[PDB]
Amino acid sequence: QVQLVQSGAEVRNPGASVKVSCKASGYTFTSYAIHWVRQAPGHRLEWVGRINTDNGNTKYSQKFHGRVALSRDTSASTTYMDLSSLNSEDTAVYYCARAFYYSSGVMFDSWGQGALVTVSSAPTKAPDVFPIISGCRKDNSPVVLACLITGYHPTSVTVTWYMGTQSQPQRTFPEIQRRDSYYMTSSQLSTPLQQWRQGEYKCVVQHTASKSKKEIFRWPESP
Amino acid sequence: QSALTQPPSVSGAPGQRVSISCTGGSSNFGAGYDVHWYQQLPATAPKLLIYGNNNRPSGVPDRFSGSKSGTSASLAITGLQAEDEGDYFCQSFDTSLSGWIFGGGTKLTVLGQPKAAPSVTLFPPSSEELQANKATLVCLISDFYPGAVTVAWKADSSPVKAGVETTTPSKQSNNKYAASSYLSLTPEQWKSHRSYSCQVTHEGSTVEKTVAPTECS
Ligand code: NA
Ligand code: NA
């Protein structure tokens with residue numbers, strides 16, 4: 001299938017630069033142009049520019065005043081967006097998208113998953129992750145597992161639950177900023193447990209801004 | 001006008017029909033360029049919905065249709081489903097700006113979905129958090145509709161407002177909402193009370209869960 005897969009979230013100080021990548025698969029890379037489009041939080045889509053993947057020719061939005069450059073590496077089927085002199089208004093999700101021709105124009109027929117660029121002067125911090133549990137381990141009553149994810153910056157984290165190699169249904173909850181300016185959230189294993197055994201389930205917490213992943217696979221005895 | 005104009009929001013009930021207008025100007029629609037529409041579901045990338053005024057990519061339901069006359073375009077959605085909630089953007093090309101332009105986005109809300117009461121799960125502090133000299137109670141709230149709740153905490157029987165952080169509700173995969181509330185305590189507060197409770201009010205009822213430091217003793 002046609003697929004565009006982008007690099008991960010990035011954090012940068014004001015005045016720095018960022019390079020985001022977009023790897024294409026499932027079609028002939030050089031036969032279709034790539035566009036970049038951004039979305040600042042809660043706001044509208046904004047075109048950044050276009051690159052011809054065959055010959056490398058570029059076009060840009062006037063809004064960027066020379067601060068953006070697009071490039072391509074055909075050997076890697078990848079395009080790159082380099083944005084310099086970053087400012088607070090550049091905090092946004094950056095998407096790539098494939099330009100497809102139809103009889104009377106071009107449309108953006110396939111989009112990457114987006115990469116969040118956060119422009120911030122604050123330190124990046126990986127989350128602490130605590131195994132939490134509702135219920136005890138004496139009645140015919142459900143035990144519910146969750147993971148409390150706290151003390152991280154910036155947003156966001158991504159959580160997955162496993163039983164062995166098999167991903168499990170989870171409930172996701174919003175992230176909230178604490179009074180100390182760090183963030184916190186929780187993830188709950190969706191299915192209550194009838195027969196709890198140690199090490200069977202694990203929660204995996206990814207925080208790409210800190211290039212970090214933490215897995216919790218033991219729920220110790222309650223106090 | 002060198003910008004596309006769409007309404008900020010549209011709403012309808014399940015099974016009803018809505019439309020989303022998008023108007024442009026002499027330098028885009030008036031210069032001969034078509035309109036395309038993109039659907040952005042919560043926490044997802046945009047997806048192409050309509051191209052070239054009225055064409056559907058494979059897989060897009062025929063409940064979505066488009067038209068354009070002159071500088072006036074419209075996206076019609078029949079048989080509204082809860083799954084349709086999200087942001088819809090029009091797009092064109094503009095000669096005066098020498099680039100692609102998008103409308104501001106229209107948020108579609110599907111009102112009047114079936115009522116659903118929240119399930120509430122309350123978690124005490126973990127052993128590890130207590131060893132770090134901290135204590136957080138976590139109240140997780142799931143499977144409710146409409147997406148408004150209020151949360152109240154009590155220590156024994158006394159309301160507690162200090163130390164509470166409660167999220168805004170967010171739509172989950174099954175079209176119901178989820179929210180959470182956190183009560184930060186010191187280990188002394190947690191250990192010296194008989195119990196703590198989270199009370200969730202939704203659509204004329206309140207449900208309460210309680211935890212106690214010696215519950216799983
Ligand atoms: Na493991
Ligand atoms: Na034309």
# chains A, B, ... in the order shown; residues from 1 in each chain; ligands from 1

call {"tool": "residues_near_ligand", "arguments": {"ligand": "ligand 2", "cutoff": "7 Å", "atoms": "only C-alpha atoms and all ligand atoms", "output": "PDB file with N, CA, C and O atoms, in the first residue's frame"}}
result
ATOM      1  N   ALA B  31     -10.204  31.462 -10.660  1.00  0.00           N
ATOM      2  CA  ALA B  31      -9.159  31.278 -11.656  1.00  0.00           C
ATOM      3  C   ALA B  31      -9.188  29.891 -12.279  1.00  0.00           C
ATOM      4  O   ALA B  31      -8.254  29.532 -13.001  1.00  0.00           O
ATOM      5  N   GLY B  32     -10.224  29.103 -11.996  1.00  0.00           N
ATOM      6  CA  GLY B  32     -10.403  27.799 -12.599  1.00  0.00           C
ATOM      7  C   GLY B  32      -9.953  26.604 -11.780  1.00  0.00           C
ATOM      8  O   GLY B  32     -10.045  25.475 -12.275  1.00  0.00           O
ATOM      9  N   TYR B  33      -9.478  26.800 -10.554  1.00  0.00           N
ATOM     10  CA  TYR B  33      -8.971  25.679  -9.777  1.00  0.00           C
ATOM     11  C   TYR B  33     -10.109  24.979  -9.049  1.00  0.00           C
ATOM     12  O   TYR B  33     -11.108  25.599  -8.680  1.00  0.00           O
TER      13      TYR B  33
END

call {"tool": "residues_near_ligand", "arguments": {"ligand": "ligand 1", "cutoff": "10 Å", "atoms": "only C-alpha atoms and all ligand atoms", "output": "list in words"}}
result
residues 162, 163, 164, 165, 199, 200, 201, 202, 203, 204, 215, 216, 217 and 218 of chain A

call {"tool": "residues_around", "arguments": {"residues": "residue B:138", "least_positions_apart": "4", "cutoff": "7 Å", "atoms": "only C-alpha atoms", "output": "number ranges by chain"}}
result
B: 122-124, 181-183

call {"tool": "closest_atom_pairs", "arguments": {"of": "chain B", "to": "chain A", "cutoff": "6 Å", "atoms": "only C-alpha atoms", "output": "JSON lines"}}
result
{"residue": "B:45", "atom": "CA", "partner": "A:113", "partner_atom": "CA", "distance": 5.6}
{"residue": "B:48", "atom": "CA", "partner": "A:109", "partner_atom": "CA", "distance": 5.7}
{"residue": "B:104", "atom": "CA", "partner": "A:44", "partner_atom": "CA", "distance": 5.1}
{"residue": "B:123", "atom": "CA", "partner": "A:134", "partner_atom": "CA", "distance": 5.0}
{"residue": "B:126", "atom": "CA", "partner": "A:132", "partner_atom": "CA", "distance": 5.5}
{"residue": "B:127", "atom": "CA", "partner": "A:223", "partner_atom": "CA", "distance": 5.8}
{"residue": "B:216", "atom": "CA", "partner": "A:136", "partner_atom": "CA", "distance": 5.2}

call {"tool": "write_last_selection", "arguments": {"atoms": "C-alpha atoms", "output": "compact mmCIF listing (two decimals), in the first residue's frame"}}
result
# COMPACT_ATOMS: atom_id res chain seq x y z
CA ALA B 45 -3.61 12.92 10.10
CA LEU B 48 -8.46 12.91 1.39
CA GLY B 104 -9.98 27.36 8.49
CA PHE B 123 -6.65 3.83 42.12
CA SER B 126 1.49 2.85 44.36
CA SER B 127 4.13 1.52 46.73
CA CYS B 216 -5.51 -4.68 50.31

call {"tool": "residues_around", "arguments": {"residues": "residue B:188", "least_positions_apart": "5", "cutoff": "10 Å", "atoms": "only C-alpha atoms", "output": "VMD selection string"}}
result
chain B and resid 133 to 135 193

call {"tool": "write_last_selection", "arguments": {"atoms": "C-alpha atoms", "output": "compact mmCIF listing (two decimals), in the first residue's frame"}}
result
# COMPACT_ATOMS: atom_id res chain seq x y z
CA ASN B 133 7.35 10.55 49.53
CA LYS B 134 4.44 11.37 47.19
CA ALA B 135 0.86 10.17 46.88
CA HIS B 193 -7.70 9.22 56.81
